[PDB]
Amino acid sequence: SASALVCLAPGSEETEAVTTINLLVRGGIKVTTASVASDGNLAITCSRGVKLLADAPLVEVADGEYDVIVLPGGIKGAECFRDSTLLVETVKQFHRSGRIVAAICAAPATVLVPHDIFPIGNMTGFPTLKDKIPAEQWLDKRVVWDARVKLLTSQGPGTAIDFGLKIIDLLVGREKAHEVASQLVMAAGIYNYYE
C-alpha cells in the first residue's frame, strides 16, 4: 500500500489531523502518526483539548519510506514543528527523495517559509496568516498542489476534506479519491473527483 506519516505536536489542530488520517485510511493508505517535540511522549493534547495517542515518536519513524509527510496546522503545533530540527530535516529529506510534503492551515507559513524549504514554490495556508507567506508565493485557494516541488498545501479545518482527497488522488488515483468522497456526504463546493 501507499503510506503516510502524519505528524502531531502539542497544539496541533485536531480536525485537520483527524479528518486527514480518516480520509487516508478510507483511501487504503497506511497511516502512521508521529509525536513531535514531546521527547517521545505519545500523548498529544490538541488545540481545542482533544487528546490523541500517536503511534510512535518521530525519531523512531522519520527514516521510514512513507510516500507523504503531513503537517497539520494549529498555531502552537506548527510552532513546535518549526522549532524541531528533526521535523525540519525530515521534511527536507522527504522532498529531496522525491516524496510529497503536505501542510495545512498555519503549517505552511510557520514551518516552510522560515526554513526556506520551497523558496519559489506556490502555496496557500490560513487566510489570516497570508502576511506570513511571501507575497509572490501566495495563492488564496482551498487546496494548492505544486506538482513541480511535490508540495500540497491547504487552508483550514474546513478544507481538511479537500486536502485529504487530493492526497488520495496523488497516491492512489482519481477513482479512489472519488470513491472516498462519495462516502462522506460532502458539502456543495468541494471537488468530488468524478471528473
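Residue positions are given as counts along the sequence shown, with the first one as 1.
In this entry, 37-45 has the higher mean Cα B-factor, the comparison being between 37-45 and 139-147. As the entry records it, the average C-alpha temperature factor is higher for 56-64, out of 56-64 and 163-171. When the Cα B-factors of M123, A78, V101, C105 are read from the PDB record, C105 comes out highest.
Looking at the C-alpha B-factors along this chain, the one for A188 belongs to the middle third. In the deposited entry, the Cα temperature factor of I29 sits in the middle third of values across the chain's modelled residues. For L112, the recorded CA temperature factor ranks within the middle third of the chain's modelled residues. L86: CA B factor in the highest third of modelled residues in this chain (values from the PDB entry). The entry lists a Cα temperature factor for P157 that places it in the lowest third of the chain's modelled residues.
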